[PDB]
């Protein structure tokens, strides 16, 4: 759709090397089961403290929407950000305050006493609230993509607060009719928004590709995919469970995979993954399913490369998974050296730091694990490091290409949402 579009000047699908996810606690806490969270109170209070984080006395912390606004400002002009701020300072802030008021009534008078104000919350604040962050899906959907995280956050608020009325139906004193109206509102919102996000993601898959070149097609397409996963499908997975179970108190173990930008020199092998479908991305980048969860790396082995201009670089890597598979990243070369191995022993990879330098080398990769340990491959030949990290997510896969050489020339990682069932609360 070629027309007047004042937003396309800042179009970029690149995923930041260090990317944020202000919804990570929402995701992890709701997906654990709100009743399973140690030390937590009633669901409407737990959820309020997630959307509007606060610590008693002092720090005023940005709420989830505001944190997302800070990220989105790189994608859109000041006028879009002003419009966003307008909605946050009005519609969202008033909803914050209404919920706080309900929680006070719950605490001081009980759930039945709060019924009217809860019904008011749903009918005057929540229903329709998602429309503030939707656009027309007309083939010029960049702005819709950019504000997706705001939409997702909002739908997460609506669906969870609506569902609370189901869990607490007896406490509030709802009738079967009241119940059926809330259930219908969840159903309808879920069905509408899941379709919307699915279509948006498909448009973005194609638009990112259309505007890319060989040097950046991995970063563009995998970036589009990752943004839609983190700020769209990861929310949808939770909303779907709530729709299916007709309660807010649910258990969800996320198997969705997102992707870092690549480091290093352009790779045909990386591009082949980007230009194929997400369904067919294999190990080592994307972990297989292993029953109801993803296949875990249990061991990393590495070799440094042949010395190049006084420094050994990253030679190759080898992953071992819990299902027993052993996967090579790069093949062996005659002057590989400095063999190392590390057992994860139940820890996860929190982030990596990567240094690239000539000649078409990944100089050094540092893995940082959850149990404080580190694993260092290669050597710094005198360049800065780039961190690959996604807030609230751990590294579940990775990819290397030696590009016909004796050392790794391109490297990237993949992410998955933190799992308290696997790693603790």
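Positions refer to the first chain, counted from 1.
Undergrad: Which of the two stretches, 135 to 143 or 224 to 232, shows the higher mean Cα temperature factor in the record?
TA: The stretch with the larger mean CA B-factor is 135 to 143.
Undergrad: On mean C-alpha B-factor from the PDB entry, just flag whether 341 to 349 or 254 to 262 is the higher one.
TA: Between 341 to 349 and 254 to 262, it is 341 to 349.
Undergrad: Check the PDB entry and point out which of 301, 191, 292, 278 has the largest C-alpha temperature factor.
TA: The listed residue with the largest C-alpha B-factor is 292.
Undergrad: Among 360, 391, 66, 379, where is the Cα temperature factor highest, going by the PDB entry?
TA: If I rank 360, 391, 66, 379 by C-alpha B-factor, first place goes to 360.
Undergrad: Rank-wise, by C-alpha B-factor, drop residue 82 into the lowest, middle or highest third of its chain.
TA: Top third by C-alpha B-factor.
Undergrad: What third of the chain does residue 178 rank in for C-alpha temperature factor, lowest, middle or highest?
TA: Ranked within chain, residue 178 CA B lands in the highest tercile.
Undergrad: Please place residue 161 in the lowest, middle or highest third of its chain according to the CA B-factor in the PDB entry.
TA: For residue 161, whose C-alpha B-factor we compare with every modelled residue in the chain, the answer is the lowest third.
Undergrad: Mind checking which third residue 125 falls in for C-alpha B-factor across the chain?
TA: Ranked within chain, residue 125 CA B lands in the middle tercile.
Undergrad: According to the PDB entry, is the CA B factor of residue 248 in the bottom, middle or top third of its chain, that is, lowest, middle or highest?
TA: Middle third - that is where residue 248 ends up once the chain's C-alpha B-factors are sorted.
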